[PDB]
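1. experimental coordinates for this protein are included below, preceded by the sequence.
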Amino acid sequence: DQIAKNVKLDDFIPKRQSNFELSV
Amino acid sequence: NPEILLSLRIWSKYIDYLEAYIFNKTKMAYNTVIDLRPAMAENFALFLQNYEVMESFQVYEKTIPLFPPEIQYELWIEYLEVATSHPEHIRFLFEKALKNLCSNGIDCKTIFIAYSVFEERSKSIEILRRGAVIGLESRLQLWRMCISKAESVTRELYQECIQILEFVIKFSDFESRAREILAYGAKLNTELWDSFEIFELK
Amino acid sequence: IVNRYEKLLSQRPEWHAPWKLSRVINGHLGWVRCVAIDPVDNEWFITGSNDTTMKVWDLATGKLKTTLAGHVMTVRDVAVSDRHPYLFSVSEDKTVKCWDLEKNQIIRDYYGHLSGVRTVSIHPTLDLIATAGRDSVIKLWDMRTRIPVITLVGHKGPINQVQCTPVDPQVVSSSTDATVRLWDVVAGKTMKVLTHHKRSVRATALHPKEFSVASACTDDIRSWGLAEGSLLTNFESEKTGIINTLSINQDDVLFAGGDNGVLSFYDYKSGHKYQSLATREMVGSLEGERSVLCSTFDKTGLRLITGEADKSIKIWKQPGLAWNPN
Amino acid sequence: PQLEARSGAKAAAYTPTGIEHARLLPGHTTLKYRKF
Amino acid sequence: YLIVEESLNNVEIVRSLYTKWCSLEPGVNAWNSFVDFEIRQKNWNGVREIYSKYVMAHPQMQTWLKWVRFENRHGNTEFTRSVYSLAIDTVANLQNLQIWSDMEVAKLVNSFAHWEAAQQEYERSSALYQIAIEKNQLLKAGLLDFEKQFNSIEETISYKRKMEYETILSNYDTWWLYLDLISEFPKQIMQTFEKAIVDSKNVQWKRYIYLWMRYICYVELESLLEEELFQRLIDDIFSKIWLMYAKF
């Protein structure tokens, strides 16, 4: 659980790949 | 259970007993054995007790599924048996077999010849030619078959053979244009020279 | 997962025009391993090299304006400033020099880097530059008082590109440790350490209008908004060469140069590679040499300038490729 | 031998020395600017 | 870590760790290892779930096969069938090309067919193959295989058709035409024959003549058509053919 907390899935995931109109 | 352990002989024995001896039951047993996993034996049984081609076909299919050199051989045997028993379907089967064993090593040429024969009973000739092209002893056999076919378009076949590969000399002899052939043979020979001499004389 | 792939398939990228070679200016007698343009104007662009020189180039003509001979060893990087008429340059002689452009002559050699210094970035807003070398440290300089003000310890190996943004994430380093860092100059510390690369991220560049920073290890071009310090996209850079350059265009047309010399273009944010370009070299030169070492666009963005190892500088003028993900 | 190649450089921060370097001396206090 | 856990023999923690690992879209290898671990443990409740998760994470047909294999090893026949259906459904659902190769789907289909055959009811297999055909070469081959295993006449016909197609592609022709006619449906066969004839130096001429003869024969079996053919021949221009026409 602790290990999981330490390293999360969304880190690996690019955020733009889902939403393109999304711009920083 | 088997995996955990990690019978066949017993099963085989049972099958044999059944064969010796109801027929339907025996067949079922054989099928079960096959599933668990001889093919030749099964085929023989089918031929005997059932006079049934469906069984033979099934056996052939099983053999194909099993797939190896031995398996290939078995399949070939089955095909032969089928042919003996009793066209498009047969041709298709032959083609499939060929595809399976493109360069098996053992008796590709023979197989090709058989196929050709079946066809005959132009297509055969074509098959022979193909074998000659796409196929040392085996290759030689194929070439011979092609030549035979030609003898039985022929010229074209001969030319093809020559291209693929002595062969030239043979072609020249067959022809006996002849002079040209002889010359060609010479370029790419004891008997060839003789032939040339003969031509000159005439 | 199927939920993401489908989404990706559904979304489309914009048709960026392809790129064709226009100008080639064989003038340097060495690699041309830096290139830069003026923020203010786009008349000239200078290009530091293994010559030791750096040469200035008029874009329109392609003609060599003038040379500058203020280094000993080879120039690794330069940076003309928007806010001042200074050109910073930096060479593996350990010198981060500063050329006035009113007189084309060095002024303030900044001293402090223990060894060959790889890149400069002038801060867009401050009167402060930032340099990093094989030192494994990115020092910031007060340009007036020509002293390193702060230094940034974090990295564990030589540090290549080190871009400066105007926000809080004020420096965007990029090492051979394959971390790219986001720093807080004011805190004297890191803020977020993007570790997502496998190898030496030997290229990185800030997006002009979009507050994000493409970065390139041996293959995978990541690109990220550095507000949080969060990944934005992964580009289709699957079997392309060792990415040397990673310039971004105004119109979201990220370029990547390789050690192969295969000029690869991509739509930015999409992560869609939309062109490859085979390199070229001179009849005398060898086929292994040809490789885009340094590159950058103009402020408009219609001309990409690539310094290639042919001792050349190639400027590039302008049906898109099909998608197909994994 | 000890005539040896290398693996990595360094960058470690100590207390400053307070030495009056020649180059460090003041010069070009005025920074120029652009027109806009 | 896993091996340490095993050594210790505290298993809940290990399981948790495995779960954590598998949430990070890790390698197939990791998933396999997890599966193995699960198998080693007494329970087969949760293993299925993990397999499903793996499948979701790795859209790969080999994964599906592996899952099925586990099912087979397990006692339940229905479960396996369900799994197969799910696999098929998933493949169907993505119509858009966001997919493992069309060889893999075909393979899966074949496997399913085989399973069905092994089971009591064959109709199902046939249905599956029909479905496959509706949604190519590989699929066809699979269908043929299924038929062979098993309708027979239909299979044969299909094979013949395939052969004819192959011949056409290559382009014997006469033979193909004949086969097509036999298969026919009759109207279709006739049309095919006509097409072949249309398609159709000395050798070529001979072939053409043969084709013409065949056409004539067909007509006889079934006058205007014959006349038309004759006219065509004349235009192209034989004596023998003319004589035959006259006789007719």
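-> All right, it came through fine. Residues are numbered from 1 along each chain as shown, chains lettered A, B, ... in the order given.
2. residue contacts, residue 23?
-> I'll assume chain A. Residue A:23 makes contacts with C:210, C:269, as judged by C-beta atoms under 8 Å, 6 or more residues apart in numbering or on different chains. The C-beta positions use only the backbone N, C-alpha and C, and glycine is treated the same way.
3. not what I meant, chain D
-> Residue D:23 is in contact with C:109, C:111, counting by C-beta under 8 Å, 6+ apart.
4. assign a three-state SS to it, would you?
-> Following DSSP: H, G, I helix; E, B strand; the rest coil, we place residue D:23 in the coil state.
5. any idea how far it lies from chain A?
-> Relative to chain A, residue D:23 is positioned 42 Å away (criterion: C-beta to the nearest C-beta, to the nearest Å).
6. then residue B:165?
-> Taking C-beta to the nearest C-beta as the measure, residue B:165 falls 60 Å from chain A.
7. which residues touch the closest residue to that residue other than its chain neighbours?
-> Setting aside the residues directly before and after it, residue B:165 is nearest to residue B:143 in space (C-beta to C-beta, 6 or more residues apart in numbering or on different chains), at 6.9 Å. Taking C-beta under 8 Å, 6+ apart as the definition of contact, the neighbours of residue B:143 are B:132, B:161, B:164, B:165, B:167.
8. go again with 7 Å.
-> Under the criterion of C-beta atoms under 7 Å, 6 or more residues apart in numbering or on different chains, the contact partners of residue B:143 comprise B:132, B:161, B:165, B:167.
9. do the same with residue E:233
-> Residue E:233 makes contact with E:212, E:241, according to C-beta under 7 Å, 6+ apart.
10. give me the distance between the residue nearest to residue B:165 and residue B:158.
-> Distance of residue B:143 to residue B:158, given as C-beta to C-beta, to the nearest Å: 10 Å.
11. okay, now residue D:27: neighbour count?
-> A count of nearby residues for residue D:27, using other C-beta atoms under 10 Å in any protein chain shown, gives 10.
12. cool, and residue B:109?
-> In terms of burial, residue B:109 registers 21 neighbours under the definition other C-beta under 10 Å.
13. list the contacts for the residue at minimal distance from the centre of chain B?
-> Nearest to the geometric centre of chain B sits residue B:111, at 1.0 Å (C-alpha atoms, centre = their mean). Remark: with contacts taken as C-beta under 7 Å, 6+ apart, residue B:111 is in contact with B:76, B:97, B:98, B:101.
14. what does residue C:199 give?
-> Residue C:199 makes contacts with C:178, C:217, C:218, as judged by C-beta under 7 Å, 6+ apart.
15. most neighbours, which of these?
-> Across the contacts of residue C:199, the neighbour count under other C-beta under 10 Å reaches its highest value at residue C:217, namely 23 neighbours.
16. could you tell me how far it is located from residue C:180?
-> 9 Å.
17. residues shared between the contacts of the two?
-> Taking C-beta under 7 Å, 6+ apart as the contact criterion, the common neighbours of residue C:217 and residue C:180 are residue C:201.
18. am I right that residue E:124 sits in a helix?
-> Yes: when classified by three-state DSSP, residue E:124 is found to be part of a helix.
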